[PDB]
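Working notes, structure below.
Protein chains: 2
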Amino acid sequence: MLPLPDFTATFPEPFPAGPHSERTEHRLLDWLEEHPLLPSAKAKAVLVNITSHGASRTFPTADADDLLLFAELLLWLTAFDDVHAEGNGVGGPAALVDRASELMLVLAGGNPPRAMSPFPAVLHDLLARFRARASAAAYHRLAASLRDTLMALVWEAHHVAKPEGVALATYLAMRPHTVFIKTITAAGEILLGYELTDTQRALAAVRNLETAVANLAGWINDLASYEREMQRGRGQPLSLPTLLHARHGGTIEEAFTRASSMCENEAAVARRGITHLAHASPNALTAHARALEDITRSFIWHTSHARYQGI
Amino acid sequence: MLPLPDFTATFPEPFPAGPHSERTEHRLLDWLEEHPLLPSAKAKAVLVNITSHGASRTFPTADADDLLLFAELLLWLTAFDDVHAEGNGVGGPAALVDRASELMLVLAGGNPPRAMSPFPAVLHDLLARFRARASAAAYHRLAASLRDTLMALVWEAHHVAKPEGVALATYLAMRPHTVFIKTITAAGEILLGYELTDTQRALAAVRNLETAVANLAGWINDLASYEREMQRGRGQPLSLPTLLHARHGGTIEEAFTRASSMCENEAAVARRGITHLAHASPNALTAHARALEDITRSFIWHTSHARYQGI
Ligand SMILES: [Mg+2]
Ligand SMILES: [Mg+2]
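Just so you know, the sequences run in chain order A and A'. A prime marks a further copy of an entry chain. Here the first sequence is numbered in the entry's author numbering, starting from 10 and rising by one per residue. Here the second sequence is numbered in the entry's author numbering, starting from 10 and rising by one per residue.
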């Protein structure tokens with residue numbers, strides 16, 4: 010009974026999915042057999058399913074092998090967040106810092122000490138396969154996005170106990186890093202075989218679209234996962250409706266109406282940006298517009314998945 | 010009366026300094042007038058002095074303007090550490106995480122909210138001037154080194170209260186990131202106008218030298234600053250002698266003998282690496298060997314400075 014955003018004018022259903030969803034879903038389960046990252050087998054089944062099926066919507070052009078690589082990086086990242094960063098209440102922020110520092114050493118290169126967690130070694134392998142596939146600058150972009158996300162997960166872990174201690178503007182700036190949108194995009198430039206010049210990245214039209222997509226991804230995730238987060242023992246989660254409710258007073262229903270309004274407007278900005286940037290002739294600016302459209306559609310798709318709700 | 014390493018066989022005095030030490034020292038004080046980063050004026054005078062004079066030893070080839078840019082980045086970084094990361098005992102690790110997250114947003118690009126600390130805005134400007142001067146890949150390297158250092162400063166802040174909770178091997182891997190050696194080297198490749206291919210960076214000879222220099226820089230800093238760190242209220246610092254003392258038992262004098270022995274051996278490895286890599290003909294591998302030699306000499310020089318001791 011919480012009002013939700015309506016994207017029928019901006020991103021209507023259905024969202025095209027590529028062919029290799031079931032193959033990816035099986036190859037992911039075999040991969041996770043040599044490399045267990047998730048305690049429960051049910052947890053593994055839900056996360057493998059939304060990852061493979063969501064990845065088919067994210068990069069429908071696909072290429073079963075490239076899709077599996079991205080699906081492996083995204084599941085590794087989501088599992089790391091779900092295990093350590095979100096966690097449950099053991100070791101606190103400091104344990105996540107230790108786990109994030111091990112990953113930073115992997116990203117820096119150069120034979121760090123072996124870790125007891127499996128996450129560093131899987132990351133080492135995934136970065137290796139991406140380095141082979143990408144341009145030097147493109148791999149640097151992927152590695153930077155992961156470094157930035159690790160700092161933002163550390164930041165979040167220090168504020169979940171008192172969400173009301175966070176200013177709304179700080180949350181809006183940090184949330185694109187905890188929703189993984191920059192890793193997904195940087196992985197897309199590699200796997201779709203394109204790349205922007207640094208002058209293109211500075212274009213107002215490119216920046217404004219990337220911001221709107223980042224905002225939309227974080228905010229719909231926030232709305233989609235709120236009710237589930239309440240059902241835990243802890244209080245209100247660190248997310249958009251919680252901060253709007255704190256800012257404006259009133260009720261959670263009104264916070265959701267405001268948040269749903271913010272999402273619809275962001276979706277309209279994003280649609281306009283996709284349309285502007287797809288008329289451009291520099292060609293790299295197209296494809297990028299289309300990649301961001303598919304990324305956005307996938308994010309809207311996966312809010313109906315059981316990871317966020319029930320039945 | 011604590012035994013110290015002897016580098017006369019490997020890095021004999023004196024260490025060549027370039028011309029622009031006093032000019033840099035004045036331009037730094039004028040820069041810090043428009044951008045106060047340091048509370049005390051005496052603190053400012055000591056840190057400006059070791060930075061300008063040390064930078065003359067680090068890049069003797071210099072070029073007064075390029076030297077001032079590097080000197081500004083190094084002083085900004087050292088001041089950030091000294092203010093927040095080291096701090097004194099207010100806000101804890103969580104305040105440093107908030108300050109580091111603001112800097113991560115600067116490094117990610119894209120108009121974050123304005124901060125009340127001056128450190129983010131100065132970083133924004135310094136990265137701008139380095140982006141203009143560097144190749145795309147080279148700037149990415151500089152930005153990655155800073156991201157990695159910010160995570161390692163966060164890690165350190167979570168362990169200084171219980172240094173004995175850190176395993177020696179973890180400390181040795183993390184310390185190159187809190188001593189800033191990778192930022193200094195990456196800044197050197199830009200300012201000295203050279204750059205390695207990723208295959209060159211993978212050469213065993215290149216890697217082994219970079220590791221020995223990173224180790225030596227962190228360890229001599231540890232030894233040079235130990236007695237000063239004790240003179241604070243807190244206990245033993247998170248640094249090499251503290252962990253050797255914990256590992257082996259015995260006395261602090263014996264810890265320093267062991268640490269001094271580790272430094273002399275690392276210096277011998279580094280000398281051998283400099284000599285091997287300077288015979289090579291790929292030319293980028295020279296100059297890099299010479300840049301690392303100068304970086305190493307500067308680190309040995311600044312242990313005699315008043316920042317570390319008295320008179
Ligand atoms: Mg999260
Ligand atoms: Mg420090």
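For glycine and all other residues, C-beta sits at the position ideal for the given N, C-alpha and C.
For secondary structure counted as the alpha helix (DSSP H) over 4 or more consecutive residues, the segment 21 to 58 of chain A holds these complete runs in sequence order: 30 to 43. Take the alpha-carbon of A264 (chain A') and the one of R237 (chain A'): they are about 17 angstroms apart. In this structure, A':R299 is the residue among A':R156, A':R299, A':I261, A':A117 with its C-alpha nearest to the C-alpha of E198 (chain A').
For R156 (chain A), at least one C-beta of chain A' is nearer than 8 angstroms to its own C-beta. The count of Cβ pairs closer than 8 angstroms, one atom from the segment 309 to 316 of chain A' and one from the segment 62 to 74 of chain A', reaches three, so the stretches are in contact. The contact set of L114 (chain A') on chain A, defined by CB atoms closer than 7 angstroms, consists of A182 in chain order. Inclusion of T187 (chain A) in the 7 angstroms shell around ligand 1 follows from its C-beta lying nearer than that to a non-hydrogen atom of the ligand. For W228 (chain A'), the closest Cβ of chain A is not nearer than 8 angstroms. Of the residues A:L253, A:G258, A:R281, the one whose Cα lies closest to the Cα of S270 (chain A) is A:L253. Under the three-state reduction of DSSP, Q209 (chain A) is assigned to helix. At a beta-carbon threshold of 7 angstroms, the residues of chain A lying near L159 (chain A') are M160, ordered along the chain.
Of the heavy atoms belonging to ligand 1, at least one sits nearer than 7 angstroms to the Cβ of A94 (chain A). Put simply, the segment 23 to 38 of chain A' touches the segment 69 to 79 of chain A'. At least three CB pairs are less than 8 angstroms apart. For a Cβ distance threshold of 8 angstroms, residue set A182 of chain A lies close to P121 (chain A'), ordered along the chain. For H149 (chain A), the C-beta contacts it makes with chain A' under 9 angstroms involve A145, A146, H149, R150, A152, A153, in order along the chain. By alpha-carbon distance to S61 (chain A), the top candidate from A:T220, A:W40, A:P48 is A:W40. Think of a sphere of 7 angstroms around the beta carbon of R216 (chain A'): the chain A residues whose beta carbon falls inside it are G119, in chain order. Assigned with DSSP and collapsed to three states, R241 (chain A') falls in coil, not helix or strand. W310 (chain A) has a beta carbon lying at 8 angstroms or more from every beta carbon in chain A'.
Between ligand 1 and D90 (chain A), a heavy atom-to-CB distance of less than 7 angstroms is present.
If you draw a straight line from the Cα of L247 (chain A') to the Cα of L116 (chain A), it comes to about 24 angstroms.
Membership of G98 (chain A) in any alpha helix (DSSP H) is not indicated, and neither H nor E is assigned to it by DSSP. Contact between the segment 129 to 149 of chain A' and the segment 145 to 157 of chain A is present: three or more C-beta pairs spanning the two stretches fall below 8 angstroms.
Rounded to whole angstroms, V163 (chain A) and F24 (chain A) show a C-alpha spacing of 33 angstroms. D207 (chain A) and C272 (chain A') have their C-alpha atoms spaced approximately 43 angstroms apart. Contact between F139 (chain A) and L46 (chain A) does not hold, since their C-beta atoms are separated by about 18 angstroms, which reaches or exceeds 8 angstroms. Interface with chain A' (8 angstroms Cβ-Cβ cutoff): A196 (chain A) is excluded. Counting C-beta atoms within 10 angstroms of its own C-beta, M125 (chain A) has fewer than 16 neighbours from the protein chains shown and is therefore classed as exposed.
In terms of beta-carbon proximity, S110 (chain A') lines the interface with chain A, with at least one pair separated by less than 8 angstroms. Relative to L11 (chain A'), the option among A':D231, A':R306, A':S290, A':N292 whose CA is nearest is A':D231. The C-beta distance from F89 (chain A') to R306 (chain A') rounds to 25 angstroms, too long to meet the 8 angstroms contact threshold. Within 7 angstroms of the CB of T179 (chain A'), the CB atoms of chain A belong to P122, in sequence order along the chain.
Residues of the segment 163 to 175 of chain A with a C-beta less than 7 angstroms from any C-beta of chain A': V163, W164, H167, listed in chain order. In terms of Cα proximity to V222 (chain A), the closest of A:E165, A:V278, A:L38, A:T295 is A:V278. Within a 10 Å sphere around the beta-carbon of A211 (chain A') sit fewer than 16 other beta-carbons, which makes this residue exposed.
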